[PDB]
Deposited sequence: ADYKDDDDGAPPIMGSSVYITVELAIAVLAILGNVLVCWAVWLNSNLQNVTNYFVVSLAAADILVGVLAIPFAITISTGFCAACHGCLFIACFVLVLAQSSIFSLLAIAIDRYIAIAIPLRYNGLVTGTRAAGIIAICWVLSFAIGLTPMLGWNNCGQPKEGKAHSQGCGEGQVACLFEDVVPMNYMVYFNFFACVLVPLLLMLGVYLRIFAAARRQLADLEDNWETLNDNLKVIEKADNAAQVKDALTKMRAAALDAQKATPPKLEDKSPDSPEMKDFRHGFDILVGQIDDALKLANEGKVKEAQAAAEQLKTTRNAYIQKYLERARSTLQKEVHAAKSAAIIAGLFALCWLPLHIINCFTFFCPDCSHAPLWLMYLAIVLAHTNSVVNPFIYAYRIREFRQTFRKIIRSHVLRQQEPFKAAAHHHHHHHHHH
């Protein structure tokens, strides 16, 4: 058996490398939001809460994991605290990710009341509540659900520990039934699945809205053709009444309101002629609608489409971040499941525990990269911060 300081040297060096990069990248995220008012919105207050959690992974959770890798003698509840603290930060991350998903759902499903409903003041209070709940959930073992009543006395004596002390190792103090049923199933898997459901609803809502935009445009152009080849005033009137309802339905900024004003007025003009039995005059008046459509309506159509595509792009970036949290944390949770549910299976070997721990920690590095690669306003602010 090779000297343990050699393998732990590699593990510890990698942990420290991750801690440095987790602190630097997420400090940059927080600085960017602090400095750029275009980045100061409710979505990005949850982004900052998530960056703060990742900063604390570098400042506290990684030094704690390095300390625990030594198995040093410690009062059992002190060991328990440094072992559980990373769970607080993971839980807070989950609350932030779920809040971000819900925020984007509200923005796409009910844009007209988003600004009245989702305010910065309410967001700060939500963030404070979620941090309190993260402490309660992550430190729940400190309330008595722990293995400190059954210390491994042979291991403690072999290391020369003193009274009330244990060799400090995560699995000796944190119960695995808490880790699997309460932390993983209830507090991690369930929120991640709820997030998956929110994102499905976001993309379905976008796809449906971009469909309805295209439907109204098609109805407008189809009914223009119907009028042109109509044969009596009654047919002209039928198509015009559909167009009028569809115009108001698409009405639901000054040049925008002017263009629809023109449009509905021109439909009313032609409809009045059609009811008077003046087919040719009604058809000629309807042809004027094509001038309004080119100058105004199509511009509104293109801008509505472009706004929806930007909402889709923003939601995908947020979903990538949630998906990467899952990818990085799941191996460690799955290993706990094997330890717990398969007592006939040999425990995952030490090199694999190390690997799964640093994979989980690497998730605290990756978000600033996603923001830089996918969000212009962050990328340009990062550049100004780094340059200046």
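Residues 1-8, 261-275, 412-434 of the deposited sequence, counted from 1, carry no C-alpha coordinates in the model.
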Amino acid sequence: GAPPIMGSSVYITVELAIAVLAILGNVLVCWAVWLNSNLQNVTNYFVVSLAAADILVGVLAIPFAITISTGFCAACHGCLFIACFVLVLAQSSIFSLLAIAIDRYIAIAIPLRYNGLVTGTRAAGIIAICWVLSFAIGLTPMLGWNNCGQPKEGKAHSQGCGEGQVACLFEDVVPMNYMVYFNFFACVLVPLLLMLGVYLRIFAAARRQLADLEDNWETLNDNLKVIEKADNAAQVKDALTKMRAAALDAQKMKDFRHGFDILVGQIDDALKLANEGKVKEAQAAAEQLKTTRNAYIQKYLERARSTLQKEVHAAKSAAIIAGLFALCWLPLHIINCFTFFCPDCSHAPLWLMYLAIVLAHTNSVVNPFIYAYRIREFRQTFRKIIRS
From here on, numbers count along this sequence of modelled residues.
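Only the largest set of C-alpha atoms that superpose within 1.5 Å between the two forms is called the rigid core.
Averaged as a root mean square over residues and superposed structures in 7 other deposited structures of this protein, CA distances to the shown form are larger in 226-234; the pair compared was 226-234 and 300-308 with a core fit.
Note: missing coordinates for residue 253 occur in a third or more of the other compared entries bracketing this position. Checked against the record, the higher mean CA B factor of 228-236 and 143-151 lies with 228-236. As listed in the deposited structure, the average C-alpha B-factor of 162-170 and of 262-270 is greater for 262-270. Remark: of 177, 317, 283, 92, 283 shows the highest value [criterion: C-alpha B-factor in the PDB entry].
Per the deposited record, 253 carries the highest C-alpha B-factor of all listed residues (196, 137, 253, 107). Annotation for residue 312: CA B-factor lies in the middle third of the chain's modelled residues. In this PDB entry, residue 296 carries a Cα temperature factor that places it within the highest third of its chain's modelled residues.
Sort the chain's modelled residues by C-alpha temperature factor and residue 30 lands in the middle third, per the entry. Remark: residue 126 belongs to the middle third of its chain, ranked by C-alpha B-factor as recorded.
When the modelled residues of the chain are ordered by C-alpha B-factor, residue 72 sits in the middle third.
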